[PDB]
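Shown next, in structure tokens, is the structure this report addresses.
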Amino acid sequence: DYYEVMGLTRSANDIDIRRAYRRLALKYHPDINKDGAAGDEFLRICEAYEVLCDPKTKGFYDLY
Amino acid sequence: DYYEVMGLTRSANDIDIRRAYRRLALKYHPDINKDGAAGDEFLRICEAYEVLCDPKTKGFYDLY
Amino acid sequence: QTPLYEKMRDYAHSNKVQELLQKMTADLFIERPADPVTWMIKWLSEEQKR
Amino acid sequence: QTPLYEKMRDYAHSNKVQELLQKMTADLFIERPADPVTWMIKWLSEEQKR
Amino acid sequence: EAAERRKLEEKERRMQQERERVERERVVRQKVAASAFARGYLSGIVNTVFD
Amino acid sequence: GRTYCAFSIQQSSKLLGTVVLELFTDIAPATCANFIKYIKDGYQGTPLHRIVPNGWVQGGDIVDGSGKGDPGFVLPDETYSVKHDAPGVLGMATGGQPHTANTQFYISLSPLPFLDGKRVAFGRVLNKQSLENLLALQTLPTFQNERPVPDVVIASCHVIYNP
Amino acid sequence: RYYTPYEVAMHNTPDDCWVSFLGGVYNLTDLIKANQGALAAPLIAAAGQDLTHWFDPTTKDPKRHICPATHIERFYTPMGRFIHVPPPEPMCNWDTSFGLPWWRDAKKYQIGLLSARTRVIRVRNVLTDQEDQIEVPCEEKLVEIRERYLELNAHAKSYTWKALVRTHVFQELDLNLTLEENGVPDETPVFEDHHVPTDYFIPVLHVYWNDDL
């Protein structure tokens, strides 16, 4: 899901999403995290934050 | 006055009050409508509906 | 995390398993048996020929 | 929402079949056989023995 | 036990460094803001003077 | 020229009001016949089950009195001709699927456009006193999950003005 | 007691269903057992999930709104109609004889209490060197930390604990005081706020042996 990948829950706030993306995308960035199982993880982190940082897309996803 | 901001005639059913609130709010919400005038109008609508929804407060205001 | 889920997503969203499961569930709902497990045994037995 | 559709939803969402499906799919995505038709047969045969 | 105490001391030193980093980040952001705003308002002031 | 029937509403040995109803014996005759046969034998102590604030006052179960279906009869769907647009429209209620109607009845308390064509409406309230009695029954002191905390009961029920 | 979110996640099946909402962990198994229809679907599909978004804080009932179709106020149930929710229109099968909604019947359907936060403790067995990271609620007495660690050593009761309390010296820890009272602070918020990985430093608990027989 777009939520579990960030680690948050379904009732996360806006600051909650900011903090979750902050830590998860400073832990998995290619220039910082050299290698591992961090190829798909960073891409889904970016996609989840992009979906969940805009209220219209966020709500449209939440209903479906 | 309160019935004037939503175009209420002091003789309309509660259903019409609900429709007025829904329509005006969804047209005037601060998110959907980037407009400070819309923001203060939405504030007025929220206060008016809050004081016009409760039957006890409805009578308390009507006696004024 | 992404690796454990991806290994299962890639398996489960591949055609053989998915359009086996969908037809099995469809026929299970159509038949409405008392005990589903032996009915699925049967259905898989006479579907193994195909 | 004809009485058939409602009856199917009641059967589809029942406890027995839904938990059985959840169990089977979890086990199948664990083992990951390249021929799920036969693995399902053996798995259901061993389940039915209990 | 000595290894653990050394590790904890290292963590404390790193956290002191990070607090210094955050403080100077805030200070430089304030510097750049207080230059940009000053220019962007003196522009309007001198435009009004010309008018 | 229609038939008329009345019943009383009482909460915990306190008379809360009375209501009189006209029955559309010219629009849906069989539904009125069943309703009068059950108000003559039944409804004498059946609680008001479901009470929606701006919706309807429901109730009238017989064998259980608490909202589960009853055996012994099933009522077919007669007619969708009376339209739910004004308060005080008495009608019968059934499951989602038609031709399962039972003694469960409901009286509207607001315009209800969606119900038109789904529920058999075959009566009306007669005056303003009864409608005000229902509208006052809305704001009981405490009612838990859409049921009055004490038993709001039909104490009496009778038929007047017609055979 | 208490439960980490992952611990709640372990039970997701119509045979053992646990849900966490409003800080409470609920074992809804007997509900799903007694109400097996299309009513049980929206919470079966969220077995082991976090259900706080359904409800609101001010009252324990689910969120409500003015229904657009009928204009009558009723529960907002986008997921679907869960058990103990009335139908939108007057039906003939929804009884109201039952006592209390399951989100209000805490005494019969609540076990334990959900942890608002969790932390990572690195436990080190000093006799036989065996490091182990573990996650425990950030507010729990050392007795239940020992209970969590009992799955690592079946003889952890005989062992004695020690922590790098403050300079800094490895000192004894009282069992009835939580990890925060005993002087083992939590710094992951500062770690995050200062761009330091939350797995860079972990607080450490040494576990010495106490000879017995």
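Labels used: A, B, ... for chains in the order of the structure tokens, numbers from 1 for residues in each chain, and numbers from 1 for ligands as shown.
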With a distance cut-off of 12 Å and only C-alpha atoms, select the neighbouring residues of residue 117 (chain G), excluding the residue or stretch itself and same-chain residues fewer than 4 positions from it, and output the selection as a ChimeraX atom specification.
/G:2-6,23,113,135-140,186,188-189
Output file for the selection above: N, CA and C atoms, as a tab-separated table (two decimals), in the first residue's frame:
chain	number	residue	atom	x	y	z
G	2	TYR	N	0.35	-4.29	27.26
G	2	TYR	CA	0.53	-3.43	26.11
G	2	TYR	C	0.89	-4.28	24.89
G	3	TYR	N	0.79	-3.67	23.71
G	3	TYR	CA	1.08	-4.36	22.47
G	3	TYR	C	1.68	-3.39	21.47
G	4	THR	N	2.77	-3.80	20.83
G	4	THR	CA	3.29	-3.07	19.69
G	4	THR	C	2.37	-3.28	18.48
G	5	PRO	N	2.39	-2.36	17.52
G	5	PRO	CA	1.54	-2.54	16.33
G	5	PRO	C	1.79	-3.84	15.59
G	6	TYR	N	3.06	-4.21	15.42
G	6	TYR	CA	3.39	-5.47	14.76
G	6	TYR	C	2.77	-6.65	15.50
G	23	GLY	N	-6.35	3.90	20.72
G	23	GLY	CA	-5.46	3.44	21.77
G	23	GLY	C	-5.82	2.10	22.38
G	113	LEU	N	-3.81	-2.91	25.68
G	113	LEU	CA	-3.85	-1.48	25.41
G	113	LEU	C	-2.71	-1.16	24.45
G	135	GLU	N	12.29	-4.55	19.73
G	135	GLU	CA	11.40	-3.40	19.82
G	135	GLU	C	10.43	-3.61	20.97
G	136	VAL	N	10.34	-2.61	21.84
G	136	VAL	CA	9.49	-2.65	23.02
G	136	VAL	C	8.77	-1.31	23.15
G	137	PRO	N	7.58	-1.26	23.74
G	137	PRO	CA	6.92	0.03	23.95
G	137	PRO	C	7.78	0.94	24.82
G	138	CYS	N	7.80	2.22	24.48
G	138	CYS	CA	8.70	3.19	25.08
G	138	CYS	C	8.27	3.63	26.47
G	139	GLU	N	7.30	2.95	27.08
G	139	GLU	CA	6.68	3.41	28.32
G	139	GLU	C	6.50	2.27	29.30
G	140	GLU	N	7.28	1.20	29.17
G	140	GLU	CA	6.98	-0.04	29.86
G	140	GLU	C	8.00	-0.34	30.94
G	186	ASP	N	15.03	8.34	25.50
G	186	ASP	CA	14.73	8.07	24.10
G	186	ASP	C	15.10	9.30	23.29
G	188	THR	N	15.29	9.10	19.54
G	188	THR	CA	14.94	8.98	18.13
G	188	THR	C	14.29	10.25	17.57
G	189	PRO	N	13.41	10.97	18.28
G	189	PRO	CA	12.95	12.25	17.72
G	189	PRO	C	14.09	13.22	17.44
What does chain D look like once superposed on chain C, all Cα atoms paired in sequence order, least squares? Give it as a compact mmCIF listing (two decimals) with C-alpha atoms, in the first residue's frame.
# COMPACT_ATOMS: atom_id res chain seq x y z
CA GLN D 1 8.75 -3.10 -0.06
CA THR D 2 11.59 -5.45 0.77
CA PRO D 3 12.65 -7.69 -2.14
CA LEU D 4 10.54 -10.52 -0.72
CA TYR D 5 7.38 -8.35 -0.68
CA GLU D 6 8.04 -7.22 -4.28
CA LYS D 7 8.74 -10.85 -5.37
CA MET D 8 5.49 -12.00 -3.66
CA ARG D 9 3.52 -9.19 -5.42
CA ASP D 10 5.05 -10.26 -8.78
CA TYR D 11 4.02 -13.90 -8.10
CA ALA D 12 0.64 -12.92 -6.66
CA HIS D 13 -0.22 -10.72 -9.66
CA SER D 14 1.15 -13.17 -12.24
CA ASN D 15 -1.20 -14.49 -14.91
CA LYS D 16 -1.30 -18.20 -14.04
CA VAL D 17 -2.20 -18.09 -10.36
CA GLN D 18 -4.52 -15.10 -10.59
CA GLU D 19 -6.60 -16.44 -13.49
CA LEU D 20 -6.70 -19.86 -11.81
CA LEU D 21 -7.97 -18.29 -8.58
CA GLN D 22 -10.56 -16.22 -10.45
CA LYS D 23 -11.82 -19.30 -12.33
CA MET D 24 -11.94 -21.46 -9.20
CA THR D 25 -13.79 -18.89 -7.10
CA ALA D 26 -16.29 -18.22 -9.90
CA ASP D 27 -17.04 -21.94 -10.26
CA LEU D 28 -17.25 -22.36 -6.48
CA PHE D 29 -19.72 -19.50 -6.12
CA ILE D 30 -21.74 -21.11 -8.91
CA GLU D 31 -21.97 -24.63 -7.47
CA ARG D 32 -21.95 -23.53 -3.80
CA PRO D 33 -20.98 -26.82 -2.12
CA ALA D 34 -21.61 -27.18 1.61
CA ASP D 35 -18.13 -28.74 1.82
CA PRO D 36 -15.81 -26.72 -0.44
CA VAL D 37 -12.74 -28.67 0.69
CA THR D 38 -13.78 -31.73 -1.34
CA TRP D 39 -15.43 -29.88 -4.23
CA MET D 40 -12.17 -27.99 -4.73
CA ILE D 41 -10.34 -31.33 -4.83
CA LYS D 42 -12.59 -32.78 -7.52
CA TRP D 43 -12.62 -29.53 -9.53
CA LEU D 44 -8.82 -29.23 -9.48
CA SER D 45 -8.45 -32.93 -10.32
CA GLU D 46 -10.63 -32.53 -13.41
CA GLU D 47 -8.84 -29.31 -14.40
CA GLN D 48 -5.39 -30.87 -14.08
CA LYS D 49 -6.39 -33.66 -16.49
CA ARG D 50 -6.33 -31.17 -19.38
Chain B least-squares fit onto chain A, all C-alpha atoms in order: RMSD in Å?
1.0 Å
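As for CA of residue 141 (chain G) and CA of residue 7 (chain G), they are spaced 17.9 Å apart.
For the set A:29, A:24, A:5, A:55, the residue with the smallest atom-to-atom gap to chain B is A:55, counting only C-alpha atoms.
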Within 9 Å of chain A: residues of chain G, using only C-alpha atoms, as a VMD selection string
chain G and resid 49 to 54 78 to 79 192 to 193 195 to 198
Write out as a PyMOL selection string the residues lying within 12 Å of residue 43 (chain B), counting only C-alpha atoms and excluding same-chain residues fewer than 5 positions away.
chain B and resi 5+21+24-25+28-30+36-38+48-50
Kindly determine which residues of chain G lie within 10 Å of chain E, considering only C-alpha atoms, and give the answer as a ChimeraX atom specification.
/G:126,164,167-170,187,190-191,193-196,200-204,206
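Take CA of residue 94 (chain F) and CA of residue 133 (chain F): the distance between them is 25.2 Å.
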Apply DSSP to the structure's backbone, then extract all residues of region 7-58 of chain B labelled alpha helix (DSSP H) and return them as a PyMOL selection string.
chain B and resi 14-28+36-53+55-58
Would you mind writing down, as a ChimeraX atom specification, each residue of region 38-162 of chain F that DSSP on the backbone assigns to strand (DSSP E)?
/F:56-59,90-92,105-108,123-125,143-144,147-148,152-160
Please save N, CA and C atoms of the selected residues as a PDB file, in the first residue's frame.
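Result saved to result.pdb:
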ATOM      1  N   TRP F  56     -37.711   8.997  10.234  1.00  0.00           N
ATOM      2  CA  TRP F  56     -39.014   8.396  10.451  1.00  0.00           C
ATOM      3  C   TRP F  56     -39.070   7.795  11.844  1.00  0.00           C
ATOM      4  N   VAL F  57     -40.287   7.663  12.354  1.00  0.00           N
ATOM      5  CA  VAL F  57     -40.558   6.933  13.584  1.00  0.00           C
ATOM      6  C   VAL F  57     -41.080   5.564  13.176  1.00  0.00           C
ATOM      7  N   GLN F  58     -40.330   4.526  13.516  1.00  0.00           N
ATOM      8  CA  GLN F  58     -40.611   3.171  13.074  1.00  0.00           C
ATOM      9  C   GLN F  58     -41.020   2.308  14.259  1.00  0.00           C
ATOM     10  N   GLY F  59     -41.652   1.189  13.960  1.00  0.00           N
ATOM     11  CA  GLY F  59     -41.952   0.212  14.987  1.00  0.00           C
ATOM     12  C   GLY F  59     -43.163  -0.613  14.613  1.00  0.00           C
ATOM     13  N   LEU F  90     -47.733   7.450   6.802  1.00  0.00           N
ATOM     14  CA  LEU F  90     -47.640   6.098   7.330  1.00  0.00           C
ATOM     15  C   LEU F  90     -47.461   5.101   6.196  1.00  0.00           C
ATOM     16  N   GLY F  91     -46.600   4.110   6.420  1.00  0.00           N
ATOM     17  CA  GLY F  91     -46.378   3.075   5.431  1.00  0.00           C
ATOM     18  C   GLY F  91     -45.816   1.827   6.073  1.00  0.00           C
ATOM     19  N   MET F  92     -45.710   0.781   5.263  1.00  0.00           N
ATOM     20  CA  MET F  92     -45.161  -0.492   5.699  1.00  0.00           C
ATOM     21  C   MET F  92     -43.707  -0.600   5.265  1.00  0.00           C
ATOM     22  N   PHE F 105     -44.105  -0.983  10.694  1.00  0.00           N
ATOM     23  CA  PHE F 105     -44.595   0.201  10.007  1.00  0.00           C
ATOM     24  C   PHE F 105     -43.743   1.403  10.386  1.00  0.00           C
ATOM     25  N   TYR F 106     -43.914   2.480   9.625  1.00  0.00           N
ATOM     26  CA  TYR F 106     -43.095   3.667   9.806  1.00  0.00           C
ATOM     27  C   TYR F 106     -43.878   4.902   9.392  1.00  0.00           C
ATOM     28  N   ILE F 107     -43.680   5.990  10.132  1.00  0.00           N
ATOM     29  CA  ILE F 107     -44.298   7.276   9.833  1.00  0.00           C
ATOM     30  C   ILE F 107     -43.184   8.279   9.579  1.00  0.00           C
ATOM     31  N   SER F 108     -43.223   8.923   8.417  1.00  0.00           N
ATOM     32  CA  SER F 108     -42.190   9.877   8.052  1.00  0.00           C
ATOM     33  C   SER F 108     -42.258  11.118   8.939  1.00  0.00           C
ATOM     34  N   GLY F 123     -51.227   5.758   4.009  1.00  0.00           N
ATOM     35  CA  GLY F 123     -51.926   6.473   5.061  1.00  0.00           C
ATOM     36  C   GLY F 123     -51.309   7.832   5.298  1.00  0.00           C
ATOM     37  N   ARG F 124     -51.893   8.553   6.251  1.00  0.00           N
ATOM     38  CA  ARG F 124     -51.401   9.882   6.585  1.00  0.00           C
ATOM     39  C   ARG F 124     -51.858  10.253   7.988  1.00  0.00           C
ATOM     40  N   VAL F 125     -51.128  11.192   8.595  1.00  0.00           N
ATOM     41  CA  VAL F 125     -51.599  11.820   9.821  1.00  0.00           C
ATOM     42  C   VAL F 125     -52.688  12.828   9.477  1.00  0.00           C
ATOM     43  N   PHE F 143     -31.853   8.157  24.216  1.00  0.00           N
ATOM     44  CA  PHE F 143     -32.188   6.996  23.405  1.00  0.00           C
ATOM     45  C   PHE F 143     -30.898   6.416  22.844  1.00  0.00           C
ATOM     46  N   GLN F 144     -30.695   5.121  23.060  1.00  0.00           N
ATOM     47  CA  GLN F 144     -29.427   4.466  22.772  1.00  0.00           C
ATOM     48  C   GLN F 144     -29.492   3.767  21.423  1.00  0.00           C
ATOM     49  N   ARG F 147     -32.804   3.608  19.611  1.00  0.00           N
ATOM     50  CA  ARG F 147     -33.935   3.052  20.338  1.00  0.00           C
ATOM     51  C   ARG F 147     -34.092   3.841  21.633  1.00  0.00           C
ATOM     52  N   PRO F 148     -35.312   4.220  22.016  1.00  0.00           N
ATOM     53  CA  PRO F 148     -35.488   4.934  23.286  1.00  0.00           C
ATOM     54  C   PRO F 148     -35.025   4.083  24.458  1.00  0.00           C
ATOM     55  N   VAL F 152     -40.792   3.195  24.936  1.00  0.00           N
ATOM     56  CA  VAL F 152     -41.861   4.041  24.410  1.00  0.00           C
ATOM     57  C   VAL F 152     -42.859   3.106  23.735  1.00  0.00           C
ATOM     58  N   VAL F 153     -44.027   2.932  24.346  1.00  0.00           N
ATOM     59  CA  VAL F 153     -44.941   1.851  24.011  1.00  0.00           C
ATOM     60  C   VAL F 153     -46.270   2.423  23.535  1.00  0.00           C
ATOM     61  N   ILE F 154     -46.893   1.726  22.584  1.00  0.00           N
ATOM     62  CA  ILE F 154     -48.296   1.933  22.249  1.00  0.00           C
ATOM     63  C   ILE F 154     -49.146   1.341  23.361  1.00  0.00           C
ATOM     64  N   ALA F 155     -49.679   2.200  24.231  1.00  0.00           N
ATOM     65  CA  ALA F 155     -50.539   1.724  25.308  1.00  0.00           C
ATOM     66  C   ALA F 155     -51.894   1.283  24.771  1.00  0.00           C
ATOM     67  N   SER F 156     -52.546   2.147  23.998  1.00  0.00           N
ATOM     68  CA  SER F 156     -53.867   1.877  23.454  1.00  0.00           C
ATOM     69  C   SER F 156     -53.876   2.109  21.950  1.00  0.00           C
ATOM     70  N   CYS F 157     -54.806   1.436  21.276  1.00  0.00           N
ATOM     71  CA  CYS F 157     -54.984   1.593  19.834  1.00  0.00           C
ATOM     72  C   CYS F 157     -56.410   1.196  19.492  1.00  0.00           C
ATOM     73  N   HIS F 158     -57.086   2.025  18.684  1.00  0.00           N
ATOM     74  CA  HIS F 158     -58.509   1.764  18.326  1.00  0.00           C
ATOM     75  C   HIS F 158     -58.828   2.322  16.933  1.00  0.00           C
ATOM     76  N   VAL F 159     -59.991   1.965  16.372  1.00  0.00           N
ATOM     77  CA  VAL F 159     -60.395   2.427  15.006  1.00  0.00           C
ATOM     78  C   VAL F 159     -61.703   3.219  15.115  1.00  0.00           C
ATOM     79  N   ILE F 160     -61.781   4.393  14.474  1.00  0.00           N
ATOM     80  CA  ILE F 160     -62.993   5.258  14.611  1.00  0.00           C
ATOM     81  C   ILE F 160     -63.471   5.777  13.252  1.00  0.00           C
TER      82      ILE F 160
END
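Considering the residues G:143, G:106, G:127, G:17 and counting only C-alpha atoms, chain D has its shortest atom-to-atom contact with G:17.
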Distance cut-off 7 Å, counting only C-alpha atoms - which residues of chain F neighbour chain G? Return them as a PyMOL selection string.
chain F and resi 54-55+66-69+93-95+104+112+114+147
